[PDB]
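Asker: Take this structure, written in C-alpha cells, and hold onto it; I'll ask about it next.
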Protein chains: 12
Amino acid sequence: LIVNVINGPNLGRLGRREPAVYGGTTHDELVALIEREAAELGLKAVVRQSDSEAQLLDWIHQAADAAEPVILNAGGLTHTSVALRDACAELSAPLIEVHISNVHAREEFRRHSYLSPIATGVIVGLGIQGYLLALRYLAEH
Amino acid sequence: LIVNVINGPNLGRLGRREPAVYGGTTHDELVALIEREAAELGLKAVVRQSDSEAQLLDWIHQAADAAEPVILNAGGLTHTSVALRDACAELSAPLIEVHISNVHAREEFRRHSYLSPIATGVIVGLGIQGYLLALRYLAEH
Amino acid sequence: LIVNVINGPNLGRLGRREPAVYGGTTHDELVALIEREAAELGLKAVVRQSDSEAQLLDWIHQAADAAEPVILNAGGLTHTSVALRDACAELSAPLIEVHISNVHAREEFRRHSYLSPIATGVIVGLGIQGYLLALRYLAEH
Amino acid sequence: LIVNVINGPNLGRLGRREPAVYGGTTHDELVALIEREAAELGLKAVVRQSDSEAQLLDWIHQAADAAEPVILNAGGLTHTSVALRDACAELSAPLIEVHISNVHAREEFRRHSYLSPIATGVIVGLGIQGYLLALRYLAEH
Amino acid sequence: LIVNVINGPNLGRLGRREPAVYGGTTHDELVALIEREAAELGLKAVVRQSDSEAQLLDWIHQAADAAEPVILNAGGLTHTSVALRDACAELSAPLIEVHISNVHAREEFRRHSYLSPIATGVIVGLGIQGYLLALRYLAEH
Amino acid sequence: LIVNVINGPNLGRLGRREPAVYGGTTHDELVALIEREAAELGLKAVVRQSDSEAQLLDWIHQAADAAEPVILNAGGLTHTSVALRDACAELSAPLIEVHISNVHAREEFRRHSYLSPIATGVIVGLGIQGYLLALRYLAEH
Amino acid sequence: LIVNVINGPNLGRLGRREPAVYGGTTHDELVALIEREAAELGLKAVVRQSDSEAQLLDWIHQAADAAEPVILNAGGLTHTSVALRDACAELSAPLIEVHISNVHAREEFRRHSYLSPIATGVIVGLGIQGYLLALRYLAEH
Amino acid sequence: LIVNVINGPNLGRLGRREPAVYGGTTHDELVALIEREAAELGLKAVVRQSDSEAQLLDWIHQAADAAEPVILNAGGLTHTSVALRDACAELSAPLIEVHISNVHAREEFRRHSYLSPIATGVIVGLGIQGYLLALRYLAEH
Amino acid sequence: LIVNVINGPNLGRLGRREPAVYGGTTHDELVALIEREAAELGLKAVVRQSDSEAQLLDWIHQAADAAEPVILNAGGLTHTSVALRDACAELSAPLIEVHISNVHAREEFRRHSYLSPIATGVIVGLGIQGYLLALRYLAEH
Amino acid sequence: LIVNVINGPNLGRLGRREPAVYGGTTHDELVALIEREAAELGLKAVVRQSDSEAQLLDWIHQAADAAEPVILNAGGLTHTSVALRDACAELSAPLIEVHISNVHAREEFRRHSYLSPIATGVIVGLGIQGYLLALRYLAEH
Amino acid sequence: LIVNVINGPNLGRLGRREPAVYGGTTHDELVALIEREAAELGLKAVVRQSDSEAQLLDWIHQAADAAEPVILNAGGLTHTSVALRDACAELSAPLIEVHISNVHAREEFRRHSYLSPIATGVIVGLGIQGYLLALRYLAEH
Amino acid sequence: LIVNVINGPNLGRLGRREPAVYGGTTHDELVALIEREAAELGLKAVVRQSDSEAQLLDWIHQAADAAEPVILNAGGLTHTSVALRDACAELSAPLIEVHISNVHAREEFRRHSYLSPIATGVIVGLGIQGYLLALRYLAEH
Ligand SMILES: COc1ccc(C[C@H]2C(=O)[C@@H](O)[C@H](O)C[C@]2(O)C(=O)O)cc1
Ligand SMILES: COc1ccc(C[C@H]2C(=O)[C@@H](O)[C@H](O)C[C@]2(O)C(=O)O)cc1
Ligand SMILES: COc1ccc(C[C@H]2C(=O)[C@@H](O)[C@H](O)C[C@]2(O)C(=O)O)cc1
Ligand SMILES: COc1ccc(C[C@H]2C(=O)[C@@H](O)[C@H](O)C[C@]2(O)C(=O)O)cc1
Ligand SMILES: COc1ccc(C[C@H]2C(=O)[C@@H](O)[C@H](O)C[C@]2(O)C(=O)O)cc1
Ligand SMILES: COc1ccc(C[C@H]2C(=O)[C@@H](O)[C@H](O)C[C@]2(O)C(=O)O)cc1
Ligand SMILES: COc1ccc(C[C@H]2C(=O)[C@@H](O)[C@H](O)C[C@]2(O)C(=O)O)cc1
Ligand SMILES: COc1ccc(C[C@H]2C(=O)[C@@H](O)[C@H](O)C[C@]2(O)C(=O)O)cc1
Ligand SMILES: COc1ccc(C[C@H]2C(=O)[C@@H](O)[C@H](O)C[C@]2(O)C(=O)O)cc1
Ligand SMILES: COc1ccc(C[C@H]2C(=O)[C@@H](O)[C@H](O)C[C@]2(O)C(=O)O)cc1
Ligand SMILES: COc1ccc(C[C@H]2C(=O)[C@@H](O)[C@H](O)C[C@]2(O)C(=O)O)cc1
Ligand SMILES: COc1ccc(C[C@H]2C(=O)[C@@H](O)[C@H](O)C[C@]2(O)C(=O)O)cc1
C-alpha cells in the first residue's frame, strides 16, 4: 500500500539545473507525477528528499520499522556510503534502486553502487519514468 | 510502433528450469505476456530468442536498418561479446537492456556488461516484469 | 579518568534489529553495561551515538581539547570517512577502535578502515563485550 | 566581484591544532587575511566553514544560482564525496581547489580528489597563502 | 574451562628484544601473567610457543579433538600460512586472534591475515594485555 | 632574491601552438611577464627552457649548489623522469611545481608526477599566471 | 549408465595437428578409446564435438533434461563463455572438466575457467587418458 | 600465390553503416579492390566474411591444411575469442591481423587482441587500404 | 614401478574430520586403498604424510635421486611454498598434483598453486579416487 | 609530397646487429630503400635517425610547422616518452607509427605505446617493409 | 671477525643437481671456498644449511644475540617467509642477502623478497662468488 | 681485460652531495679507487659518467662492438629507459648492474629495473664497494 520514495543529495536541484543530463522536470513536478501514478496504481507514495545522510538514514529506519517498500535514488551517496547500505539491509520489503541518468555510460566511479547488491532490482537511465516504473513493479508484487 | 524483444543464450529454458533464480514463467508464456502488454500500450512486440550469436547479430542488424527500438536480454553474451555491442552501436532508436535476475548481487563477472554503456537504460532484478516495464518506457517515448 | 565512547551511524538500532549479526542487546542497554563496567574500573564513561558525521566530529574535537581517551565504533564511516580520521589524528590520548561484528569475515569493503592505522589498537568480533574490554585496557594504562 | 571561500570538515580547528602540518594561523585569522587581500584586489570575499556536507552543498548550490566563483578546500570530503562533486559540476564560474598541505606527499588516499577533474585549477602545499593566490587568479580573470 | 594460548615464530624473543615494538615483558613473564589472570577468571590457561609450523599444527589438532578454545598469535605465519588456517577451521570452540603490535599501522603485508576470517574475533595493538582481554571474553562466554 | 624558472620539453612552442590547451601567450612573452612580476616583487627571475633532460639536470644542479629556489614545469618529464626527481631532491630551498593545463582533467598518465611528492607545493590549471603566483609565494617566504 | 562426452572448438583437429601440444591420437580414435573404456566399465559413452557454441549448449540442455553426467572439454570456450557456464549450472548429475594439455603451464588466460567453479572436479594435463579417468570416476560414483 | 582474407562479425555492414568510424566503402566494394590489387601483385585473393565463429574457424582450418597465408580482421572476436586464436596457432604460413579503425585510440577493451601475439604482424587504423598493404607484404615475402 | 604418494599438512586428519569437505575415508584407509590399487596395476605405492615442510622436501629429494614418480597433495603448502616447488622442479619422472576438494570452487587463494605449472597434470575435486586415477595414469605411461 | 621518416634510439645499429630480431638490412640500406620507394610513389622521403630525444623533438617540431606527414619509429621511447607524444599531438598531417618487430609478441612493456592513441594508424611486425607500406598509404591519401 | 653464512631450503642439493641453473659446485665445496676466502680476509666463516624454517630462525636468533653479521641465502623462503624477516629485523650487524641465480630474470614471484628491504645490500646472479664478495664487503666494513 | 664502468644521471654529484644516502666519496675519488682495484686484479677499468641518455647509449654501443664487459649504474634511467635496455641487450660479454643505495628499501618505483632481467647479476646497497666487487667477479670469470 504505502511506498516511500527517497531522494538523496542534489536531487532537489532537478529540472532547474542541467536539463541535458537529467531532464527539465523539477523535483516538485516529480513529486506530483509520482503521487498521480501511485493513485492510479492503488498505492500511496510518500516522497522525501534530503542533502543530509543522517536524514536519509532516519527515513530508511522508519521504512524498516513500518515494513514498507522503498524506491531509493541516493545520488552521490549511491557510490560512497556504507552507512546507507547498512540501513537498507534492515528493510524486509522490496528496495528498488533508481537513477535518472545511465550511470554505466559515465565515469567509472558511478558504475559501482553499495546498494545494488542488496536491492531487489535496479533501474537506470530511463529518466524520471524510472520512478514510475518502479511503482508499477511494487503494485504488481 | 514496433518493438523488438531479443533474448540470447539459455533464455529458452526459462520457467522449465530453475524457478528459484529466474521464476516459473516459461519462454512461450513470456512471449504471450509481452504481446498482451504491447497491445494494451498501442505497440507491436516481436519477440525472438536464440542460443546463436550470429542469429542475434542478424536480428540486431534488421532493427538497425528498420530504425526500430530493441529490448535486449543477451544472457551470458551480455558480459562477453564485443560483436554484440558493435551491432548494437548501429541502433538509432532506443536500446533497453533487461535482465531477469539482479546481476549485481551475483558473481563479479555478471557485474560488467558490454551493452550497458551504449544502452539508453538498464533494468535488472525485477524479473519478467522488467520486459513489460521497458515496453511502457518505449510507449511513452 | 573520563573515557568517551562514541558510536556512529545505525548503532542506535542495536538489539532491536538483527540480533543474528550484532546480538539482542539494545543501545540503552549497552550504555548501562558500559557505565557499570566503568564504575567497577574506577572510570567514568560518557557514551554518545549519532547518525550524523558532523556530530561525531564535534564529539571527537572535544575529546581532543580535553585530552581524553576515545573508544570509537564509527559504523559505516569506519570504511569511508577521511574527515573522521583527520579529527582522530588530533587525539593525544589513546584511541581504541571497536566493532561488534568480525569485519574481516564479511564483505571486502569492511576489511579496510581509515581509523585502524592511527588507533592504539583494534578489537573486532567480540560483540558488545568489545567495548568493556577496551575500557579495561584504558583502566590499566 | 564576489568570491566564495568554502572550507569543509576540520578546517575550523586550524592554527589551534597541529601547527606542524598546517601552520599556526587560526581560522578567524584566515578569514581576516582573505578579506584584507580581497579588498586590495577589488573583490569581496565571503568565507564559510562547516563540518557538515549538507551545509557545504547548500553553499555550493547558492554559488551556482548566483553565478559566483568558488575557492574550495573540502577537507577530507575532497577524497570521498561524489555529492560534493555533483554540486560543483553546476558551477558556471571558476572553481579553484585549495589545500594547505601538499596532499601528494602524504598517504596515497590523499592523492585522489573527486574535485580536481572539474576544477579550473588546483593549488596545494603553499599553506594559507594558497587561498590568497587563488583570489589573485580570480581578480585577473 | 581450559584455554590454550598458542604463540608462533619469534614470540620466544619477547621482552628481551625490541621493547619499543612489543614491550619489555618477556615470554616467561607473559606465561605467568596469563596463568594468574586465568585463575582469577576461574579458567586454566595452557600456554605454548614454537618457531615450528608442524608443532603449532599439532597443538591446534589437539585443541580441535578436545573441543577447547584457542587464543592464537601465529606471528609471521599469520600472513603466510594456509596450513595453519586449515587446522584452525576444525576448531568448534572459539578462536581469538591476538597481536601485540597494531598490524594495521605497519607494512601492508601485515594487514592481511589468513586467520581473521575464521576467527570469532581479533584483538591487535593492545600489547600483552590483548591476551588477558581474550581470556576475559572466553570466561564470559 | 634569485628565483630560477625552469621549463622542460615542448614549452618553447607555447602560444605559437595550440592556444586552446595552453593559451596564446608565447614563451618569450612568458619570460617578459615573469621578469616584470619578479621586479615588482623585489626578486630576480632567471628563466630557462630546454627539450633536453641533461640540460634541465644541469640547471637543477646549479640551483642546488647556489641554494636558490626553483619553479619547475618539466613538461612530459614530469610523469616519466626519475633522474629529474633525484636532481630536485638535492634542492634545499623551495621547489614549486607548475603546470599550465589542469593535468588532473586529462589522461590518467598526466595525473602522476615524480616531482609532486618532494615539492613544497604544486599549482596546476591556472595557466601562465601559475608561474606569477609561485613567484609571489616565494617573495612572501 | 549413459555418459555424455562433449568436445568444443578445434578438438576435431586432434592428432592430425600439433602432436607436440596434444598427442598424435585423432578425434575418431579418441571416440573409439572412450567407447571401449566405457563398455569395460559397464557404461555407454556418447561422444559429440562441435566448433559451434549453440550446438554445445543444445547438447548440454539435453544432458540437463535427461539427468545425465557430462565430461566436458570446451576448448577455448572454457576461458571465455558465460553462456556455457549458465547451461552447465542446470546439470544435476556430475560435470567433469577435462583438458588434454596442462593449462596451468601455459598462457595466463588459460589458467582461468568459467566451468571449474561449478564442476564436480577437473582433470588437466594427463592427455587423452584424462577422458578415460573421468569415465572411471563416474563408474564408481 | 593464394591469400585468404577473412572478415568476422559485423564486417558485412561496412560502408552502408557508419562511414565516420570505418569509411563509405562497402563489403562488396572491398572484395573488388582486394581482388584487383591481388591480380596486380600476381596473387589470388579469396575473400570471405561471416558473423559466425564456427564458420570463421572452418575457414582458418582450411588455410591451415592448405598451408596458405591469412589476412584476418576478426571484428569483435579479436578481443574475445580464445578458440579463434587456437585455430590461428595452426597456421604455418603468415597471419596478418588487420583493423580498419585505430583500435588503440578507442575503448580500452579494443586495445587487447588474442591474435596479435601469434600474428606475423598487425596493421590498424589505415582503413580499407590496410588489407591492400597486407597483400603487398605477402607478395614480397 | 615405484610410485611415491606424498601428503602435506593436515592430511593425517582425513576422514576423522570434516567428512562434508573431504569425505569419511581416513588416512590409514587411504593408504590401504592406494596400496591395493597399485598392486592391481602392477605398481608399488609408497605413501607418506607429514605436517612438516622439511620432511616433505626430504621425501621429494629422495624421489628426485631415485628417478621415481610422485603423486603430491601438498595441502596448504600447495598455495604458499616456493621451496616445495624448487624441490619438485628436480624431478625427472612425472609429478601428478592431486587435491581431494575442488579448490577452484573455494576461496580465491586456493585457486593458485606453485606446483601446477611444473606438474605433468593436476586432478582436483574427485575425492580420494583422485589418487587412484593418478596411479592408473602412471601405470599406462 | 614530403614525408619525414624519423627513427629513435638504437635504430642506427640496424642490420649490423641482431639480424634475428630485426633483419640483416642496415640503416643506410633502409634509407636507400625508402628513398627509392618514395620516388616510385611520386613523394620525397627525408629520413632522420637519433639516439637523442631532444633531436627527435626538434624534427617533430619542424614537421608540425611545415604541415608535413611523419612516419615514426621512436624505438624505446615509444613506451616511455610523454614529451614525444606531446610533440606529435601538434602534427596536423598524418602520423604513422611503425615498428619492425611485432611488439605484441614481446615483453608486456612493449605492448603499450604513448603514440598509438594519437597516430592515424600503426604497422608492426612487417619488418623494414613496414616503412614502405606506410609511404604507400600516405601516397594514396 | 665472525661471519655467519646461512643457507635455506634445497641449498644442500647444490652442484649435485641442476648445474645449468646454479653451477656444478656442491654445498661442501661451497663451505670450503667460503672458509678459505674468510681466512684470507682475516675472518672466520661459520656456514650452516637447513631445509627447516625453525632451524634457520634459531641460527638467526643466535647471530642477533652475538651481534654477528649474517650472509643469508634463504632459498624459497626468501619470497614467502614473514617469520624469517621478523627474525632478521633483530640483527644489529649487517645482513647481506645472496642468491646464486639472477632472480630478476626468472618467474615474477622470485622478484619479490621479504628480506631485501631490511638487508644492508643484496647480491644476485653472480653465482657462488656472490658469497665470497659478500665476505669481502664485511671485511672492509 | 678491459672493463667499462658506466655511470648515468646525477652520479657526478657523488660525495659532494648527500653523504647520508650515498657516502662521502666523490666521483673522481670513485674513478681512482676503481682504477687502482682494476690494476690489482690485472684489468683495465675505463670509467665514464653522463647525465645524457644519448651519451650512455653511445658508450654501450662501443662496448657491444668491442665485445667488452660493462658495469652499469644507470641512475634514474635504471627504472625508466627502454632504450638503455635495448642497447644493453646487444652486449655479448657480462653486464653487471650496480647501485650504491639499497633500492629495495626505498620508494616502490626504485624496486623495478629495466636492466636486471638481462644483466648477468645485480649488486645493490653495498655502496661504492659494489663497483669494486663487480670488478672482482669479472676478473675471476
Ligand atoms: C542537479 O540535478 C541532479 C539530478 C540528479 C542527481 C542524481 C544523480 C547523482 O547524484 C549522481 O551522483 C549519480 O551517479 C546518479 C544520480 O543518482 C541519477 O542519475 O539519478 C543529482 C543532481
Ligand atoms: C535457465 O533459465 C535462464 C534464465 C535467464 C537467463 C538469462 C541470464 C543469463 O543468461 C546470465 O548470463 C546473465 O548474467 C543474466 C541473465 O541475462 C538474466 O538474469 O536475465 C538464462 C537462463
Ligand atoms: C542495526 O544494528 C547495527 C549494529 C552495528 C552496526 C555497526 C557496524 C557497521 O555499521 C558496519 O558498517 C561496520 O562494518 C561494522 C560495525 O561498526 C560493527 O560491527 O561494529 C550497525 C548497525
Ligand atoms: C586541524 O587542522 C586542519 C587543517 C587542515 C585540514 C584540511 C586538510 C584535510 O582535511 C585533509 O583531509 C586533506 O587531505 C587536505 C586538507 O584539505 C588541506 O591540507 O587543506 C584539516 C584540519
Ligand atoms: C621479537 O619479539 C617479537 C614479538 C612479537 C612477535 C609477533 C608479531 C609478529 O611475528 C609479526 O609477524 C606479526 O605481523 C605481528 C605479531 O604477531 C604481533 O605483533 O603479535 C614477534 C617477535
Ligand atoms: C605546445 O605548447 C605546450 C605547452 C605546455 C606544455 C607543458 C605541459 C606538458 O608538457 C605535458 O606533458 C604536461 O602533462 C603538462 C604541462 O607541463 C603543462 O600543462 O604545463 C607543453 C607544450
Ligand atoms: C588442434 O588440436 C587441439 C587440441 C586440443 C584443443 C583443446 C584445448 C583448447 O582448445 C585450449 O583453448 C584450452 O586452453 C585447452 C584445451 O581445452 C585442452 O588442452 O584440452 C584444441 C585443439
Ligand atoms: C559496421 O561496420 C563495421 C566496420 C568494421 C568492423 C570491424 C571492427 C570491429 O568489429 C571492432 O570490434 C574491432 O575493435 C575493430 C574492427 O575489427 C576494425 O576496426 O577493423 C565492424 C563493423
Ligand atoms: C582435515 O582434513 C583435511 C583434508 C584435506 C586437506 C587437503 C586440502 C588442503 O590442505 C587445502 O589447503 C588445499 O587447498 C586443498 C587440499 O590439498 C585438498 O583438498 O586436497 C586438509 C585437511
Ligand atoms: C639494434 O637494432 C635495433 C632495431 C630496432 C630497434 C627498434 C625497436 C625498439 O627500439 C624497441 O624499443 C621497440 O619496442 C620496437 C622497435 O621500435 C621496433 O621493433 O621497431 C632498435 C634496435
Ligand atoms: C638444487 O640447487 C639449488 C640451488 C639454489 C637454490 C637457491 C635458490 C632458491 O631456492 C630459489 O627459491 C630462489 O628464488 C633463488 C635461490 O635462493 C638462489 O638462486 O640462490 C635452491 C636449490
Ligand atoms: C647525488 O648523488 C647521487 C648518488 C647516486 C645516484 C644513483 C642512484 C640513482 O640515481 C637512483 O635513481 C637509483 O634508484 C639508485 C642509484 O642508481 C644508486 O643508488 O646507485 C644519484 C645521485
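Every chain in the C-alpha cells takes a letter, A first, then B, and so on in the order presented; its residues are numbered from 1, and the ligands are numbered from 1 following the presented order.
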Among chain H, which residues carry a DSSP assignment of strand (DSSP E), reported as JSON, numbers by chain?
Answerer: {"H": [2, 3, 4, 5, 6, 7, 44, 45, 46, 47, 48, 49, 70, 71, 72, 73, 95, 96, 97, 98, 99, 121, 122, 123, 124]}
Asker: Output N, CA, C and O atoms for every residue in the selection just made, as an mmCIF file, in the first residue's frame.
Answerer:
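What follows is the written file again.cif:
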data_model
loop_
_atom_site.group_PDB
_atom_site.id
_atom_site.type_symbol
_atom_site.label_atom_id
_atom_site.label_comp_id
_atom_site.auth_asym_id
_atom_site.auth_seq_id
_atom_site.Cartn_x
_atom_site.Cartn_y
_atom_site.Cartn_z
ATOM 1 N N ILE H 2 48.004 -18.062 -53.311
ATOM 2 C CA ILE H 2 46.645 -17.814 -52.806
ATOM 3 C C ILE H 2 46.662 -17.219 -51.394
ATOM 4 O O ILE H 2 47.315 -17.730 -50.504
ATOM 5 N N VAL H 3 45.922 -16.131 -51.226
ATOM 6 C CA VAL H 3 45.833 -15.420 -49.957
ATOM 7 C C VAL H 3 44.378 -15.411 -49.549
ATOM 8 O O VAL H 3 43.510 -15.046 -50.344
ATOM 9 N N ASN H 4 44.114 -15.819 -48.315
ATOM 10 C CA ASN H 4 42.767 -15.841 -47.792
ATOM 11 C C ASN H 4 42.533 -14.603 -46.958
ATOM 12 O O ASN H 4 43.276 -14.367 -46.011
ATOM 13 N N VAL H 5 41.519 -13.809 -47.301
ATOM 14 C CA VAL H 5 41.130 -12.672 -46.469
ATOM 15 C C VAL H 5 39.844 -13.066 -45.778
ATOM 16 O O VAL H 5 38.846 -13.392 -46.432
ATOM 17 N N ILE H 6 39.890 -13.054 -44.456
ATOM 18 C CA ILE H 6 38.790 -13.490 -43.631
ATOM 19 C C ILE H 6 38.315 -12.347 -42.755
ATOM 20 O O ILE H 6 39.087 -11.794 -41.989
ATOM 21 N N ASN H 7 37.043 -11.974 -42.913
ATOM 22 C CA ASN H 7 36.402 -10.950 -42.095
ATOM 23 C C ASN H 7 35.354 -11.550 -41.108
ATOM 24 O O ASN H 7 34.497 -12.354 -41.493
ATOM 25 N N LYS H 44 46.250 -14.499 -55.976
ATOM 26 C CA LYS H 44 44.797 -14.661 -55.965
ATOM 27 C C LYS H 44 44.275 -14.472 -54.552
ATOM 28 O O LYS H 44 44.684 -15.168 -53.630
ATOM 29 N N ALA H 45 43.343 -13.545 -54.394
ATOM 30 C CA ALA H 45 42.715 -13.306 -53.112
ATOM 31 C C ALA H 45 41.334 -13.949 -53.067
ATOM 32 O O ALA H 45 40.521 -13.727 -53.958
ATOM 33 N N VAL H 46 41.112 -14.752 -52.025
ATOM 34 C CA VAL H 46 39.839 -15.364 -51.695
ATOM 35 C C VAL H 46 39.318 -14.671 -50.426
ATOM 36 O O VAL H 46 39.894 -14.825 -49.339
ATOM 37 N N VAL H 47 38.253 -13.886 -50.572
ATOM 38 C CA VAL H 47 37.731 -13.049 -49.519
ATOM 39 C C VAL H 47 36.441 -13.640 -49.004
ATOM 40 O O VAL H 47 35.512 -13.842 -49.779
ATOM 41 N N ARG H 48 36.386 -13.894 -47.691
ATOM 42 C CA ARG H 48 35.229 -14.484 -47.019
ATOM 43 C C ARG H 48 34.842 -13.625 -45.780
ATOM 44 O O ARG H 48 35.721 -13.148 -45.059
ATOM 45 N N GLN H 49 33.538 -13.455 -45.534
ATOM 46 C CA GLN H 49 33.033 -12.807 -44.319
ATOM 47 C C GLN H 49 31.942 -13.646 -43.643
ATOM 48 O O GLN H 49 31.035 -14.150 -44.321
ATOM 49 N N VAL H 70 46.920 -15.995 -44.367
ATOM 50 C CA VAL H 70 45.631 -15.444 -43.955
ATOM 51 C C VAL H 70 45.811 -13.979 -43.578
ATOM 52 O O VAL H 70 46.750 -13.650 -42.882
ATOM 53 N N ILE H 71 44.919 -13.123 -44.083
ATOM 54 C CA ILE H 71 44.769 -11.743 -43.625
ATOM 55 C C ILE H 71 43.437 -11.752 -42.867
ATOM 56 O O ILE H 71 42.388 -12.122 -43.433
ATOM 57 N N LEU H 72 43.478 -11.400 -41.584
ATOM 58 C CA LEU H 72 42.313 -11.643 -40.711
ATOM 59 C C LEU H 72 41.923 -10.379 -40.008
ATOM 60 O O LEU H 72 42.756 -9.767 -39.335
ATOM 61 N N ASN H 73 40.665 -9.974 -40.208
ATOM 62 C CA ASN H 73 40.042 -8.924 -39.410
ATOM 63 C C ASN H 73 38.879 -9.617 -38.713
ATOM 64 O O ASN H 73 37.829 -9.786 -39.296
ATOM 65 N N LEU H 95 50.251 -14.930 -40.906
ATOM 66 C CA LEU H 95 48.990 -14.373 -40.452
ATOM 67 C C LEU H 95 49.221 -12.891 -40.269
ATOM 68 O O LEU H 95 50.091 -12.492 -39.470
ATOM 69 N N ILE H 96 48.483 -12.081 -41.035
ATOM 70 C CA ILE H 96 48.490 -10.631 -40.854
ATOM 71 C C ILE H 96 47.133 -10.179 -40.281
ATOM 72 O O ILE H 96 46.078 -10.415 -40.883
ATOM 73 N N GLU H 97 47.171 -9.536 -39.115
ATOM 74 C CA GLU H 97 45.968 -9.005 -38.463
ATOM 75 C C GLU H 97 45.706 -7.601 -39.010
ATOM 76 O O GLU H 97 46.610 -6.788 -39.101
ATOM 77 N N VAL H 98 44.469 -7.324 -39.395
ATOM 78 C CA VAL H 98 44.140 -6.030 -39.958
ATOM 79 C C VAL H 98 42.902 -5.485 -39.270
ATOM 80 O O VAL H 98 41.949 -6.199 -39.059
ATOM 81 N N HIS H 99 42.951 -4.216 -38.880
ATOM 82 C CA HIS H 99 41.749 -3.493 -38.414
ATOM 83 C C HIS H 99 41.680 -2.151 -39.132
ATOM 84 O O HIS H 99 42.688 -1.485 -39.351
ATOM 85 N N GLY H 121 52.467 -9.920 -38.238
ATOM 86 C CA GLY H 121 52.365 -8.511 -37.889
ATOM 87 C C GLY H 121 50.932 -8.042 -37.893
ATOM 88 O O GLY H 121 50.019 -8.826 -38.157
ATOM 89 N N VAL H 122 50.754 -6.749 -37.604
ATOM 90 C CA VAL H 122 49.452 -6.138 -37.344
ATOM 91 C C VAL H 122 49.388 -4.763 -38.005
ATOM 92 O O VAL H 122 50.279 -3.971 -37.803
ATOM 93 N N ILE H 123 48.344 -4.492 -38.795
ATOM 94 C CA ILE H 123 48.116 -3.153 -39.351
ATOM 95 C C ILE H 123 46.808 -2.644 -38.809
ATOM 96 O O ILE H 123 45.820 -3.334 -38.954
ATOM 97 N N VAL H 124 46.780 -1.456 -38.186
ATOM 98 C CA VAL H 124 45.484 -0.869 -37.726
ATOM 99 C C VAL H 124 45.372 0.620 -38.073
ATOM 100 O O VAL H 124 46.363 1.319 -38.217
#
Asker: How would you write, as JSON, numbers by chain, the set of residues no farther than 8 Å from ligand 1 when counting only C-alpha atoms and all ligand atoms?
Answerer: {"A": [8, 9, 10, 11, 12, 13, 14, 15, 16, 17, 18, 19, 21, 22, 73, 74, 75, 76, 77, 78, 79, 98, 99, 100, 101, 102, 103, 110, 111, 124, 125, 127], "D": [82, 83, 86, 87, 90]}
Asker: Let me see the file: selected residues, C-alpha atoms, as a CSV table (one decimal), in the first residue's frame.
Answerer:
chain,number,residue,atom,x,y,z
A,8,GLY,CA,19.5,11.9,-1.8
A,9,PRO,CA,21.9,14.9,-2.3
A,10,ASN,CA,21.4,17.3,-5.2
A,11,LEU,CA,18.1,15.8,-6.3
A,12,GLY,CA,16.3,19.0,-5.1
A,13,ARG,CA,18.0,20.9,-8.0
A,14,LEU,CA,16.3,18.7,-10.6
A,15,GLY,CA,14.9,20.3,-13.7
A,16,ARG,CA,16.0,23.8,-12.7
A,17,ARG,CA,19.6,22.6,-13.4
A,18,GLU,CA,21.2,20.8,-16.1
A,19,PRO,CA,18.2,19.6,-18.2
A,21,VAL,CA,22.0,15.3,-18.1
A,22,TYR,CA,18.7,14.8,-16.1
A,73,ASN,CA,17.8,7.3,-5.6
A,74,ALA,CA,20.7,8.1,-3.1
A,75,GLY,CA,22.5,10.5,-5.5
A,76,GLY,CA,26.3,10.6,-4.9
A,77,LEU,CA,25.9,8.5,-1.7
A,78,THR,CA,25.0,5.6,-4.0
A,79,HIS,CA,28.8,5.2,-4.7
A,98,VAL,CA,16.6,4.2,-9.3
A,99,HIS,CA,18.9,6.5,-11.2
A,100,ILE,CA,17.7,9.1,-13.7
A,101,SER,CA,20.9,9.1,-15.8
A,102,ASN,CA,22.6,5.9,-17.2
A,103,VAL,CA,25.4,5.6,-14.6
A,110,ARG,CA,29.4,5.9,-11.0
A,111,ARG,CA,29.5,2.2,-12.1
A,124,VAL,CA,18.9,3.3,-14.5
A,125,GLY,CA,18.9,5.7,-17.5
A,127,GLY,CA,14.9,9.3,-16.6
D,82,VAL,CA,30.7,12.3,-5.0
D,83,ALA,CA,27.8,14.5,-3.9
D,86,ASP,CA,27.9,16.7,-8.4
D,87,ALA,CA,27.1,20.1,-6.7
D,90,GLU,CA,26.8,23.0,-11.7
Asker: Should the cut-off be 10 Å, what would the residue list for chain E against chain I look like, counting only C-alpha atoms, as a ChimeraX atom specification?
Answerer: /E:52-58,61,64-65,80-87,89-90,114
Asker: Using only C-alpha atoms, determine which residues lie at most 9 Å from residue 42 in chain F, disregarding the query and same-chain residues fewer than 3 positions distant; provide the list as a list in words.
Answerer: residues 1, 37, 38, 39 and 139 of chain F
